[PDB]
Structures are given as structure tokens and as C-alpha cells.
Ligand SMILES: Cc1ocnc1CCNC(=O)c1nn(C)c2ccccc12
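Consider the single chain below, provided in C-alpha cells and representing the form deposited without the ligand.
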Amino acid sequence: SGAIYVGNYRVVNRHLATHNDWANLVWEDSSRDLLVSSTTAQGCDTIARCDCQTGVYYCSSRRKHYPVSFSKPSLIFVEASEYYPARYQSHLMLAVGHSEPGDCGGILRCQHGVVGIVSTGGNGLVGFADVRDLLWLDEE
């Protein structure tokens, strides 16, 4: 589990979005595994605006943050998980690392701020849904 809180937005994995998220929907994209809902309180997070390929991510199934190198966001085939069938996921970054389903929502961060959240795992990789292209998160 986990979210990003920027301005009056809450960014979660689409597959972990609650009824309250869907009832306060701003934007959602199944192909990216992202959903954004509206918040009452202002968020603590700063979104990275950059093309870094190194950062640190939180792994809840290890209670640990790991430094990783990761691929640039791309359209990638993802094998079936407990929460999606096998499918193509867009805006996905991969790194070598540990990820189980419940690790979804862990933050990946670089020197510029939050890059994305854990979205995929298995076969010794961790996949992250990028948010650095969602410029509208930073205003309004």
C-alpha cells in the first residue's frame, strides 16, 4: 500500500483505489495502474521533473529502502499478478529488486522528488508507475 500526496491530489495504484477515491475521482488510467483523487488537506510530496534513472524505493516486504537503477518509462508486458492478468502496462519503469503485490504504492524517489510508485513485481524485478509526466499534479 501507499500513496503520493501533492497539492490537493492523492495518487494511488488504480487497483488499490477505494470507494472514496472513485467518489472523488480526478483522473484514472488502467493501462498505467494509476488513479488520482481530490483531497481536503495539502500534500507533503514534491514530484520529480527530470529523466533520472537512479533513485531509492521503499520495499514494505523488506521494511527497507533500496537504491536502484531503473529503465525509462515504457510500454512493457507484465506477467499475471494477484491483481491483474498478464497485460501491457504503459509508463512503467523496471529495476532489479524485490517486489510482492503488497509492496505496491511504495515511493521511488530521486534527487528531484517522487518519481513514481511500485506497481509490478516478480522474477526479481520491481516495476514503478511513473508520475513525472503528470505536470498538472503541480497546480490547480
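Start at 1 and count along the sequence shown; that's the residue number. Only residues modelled in both forms are compared. Each form is matched to the other, and the largest set of C-alpha atoms that superpose within 1.5 Å is called the rigid core.
With 16-24 and 124-132 compared on mean CA B-factor from the PDB entry, the stretch scoring higher is 16-24.
For the two regions 87-95 and 36-44, the entry's Cα B-factors average higher over 36-44. Sorting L108, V68, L75, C50 by the CA temperature factor given in the entry leaves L75 at the top. Placement of the Cα temperature factor of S60 within the chain: middle third of the modelled residues, per the deposited record.
Same protein, other form: the form solved in complex with the ligand, not shown, and the subject of what follows.
Site status: blocked, since the ligand, placed by superposing the C-alphas around its site in the bound PDB entry, has 3 or more atoms within 2.4 Å of backbone or C-beta atoms.
Put simply, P101 is close to the ligand in the bound PDB entry: some heavy atom of it is within 4.5 Å. Not displayed here, the ligand is approached by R87 to within 4.5 Å at the level of heavy atoms in the bound PDB entry.
Contacts to the ligand in the bound PDB entry (heavy atom within 4.5 Å) from stretch 122-139: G122 only. A movement of the C-alpha atom of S37 falling short of 2 angstroms is seen between this form and the one not shown when the two forms are aligned on their rigid core. Taking the rigid core as fixed, one finds a CA shift for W27 smaller than 2 Å between this form and the one not shown.
A displacement of less than 2 angstroms separates the C-alpha positions of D51 between this form and the one not shown, with the rigid core held in common. Under a 2 Å criterion for C-alpha shift, the lone consecutive stretch of 3+ residues that differs between this form and the one not shown after core superposition lies at 80-85.
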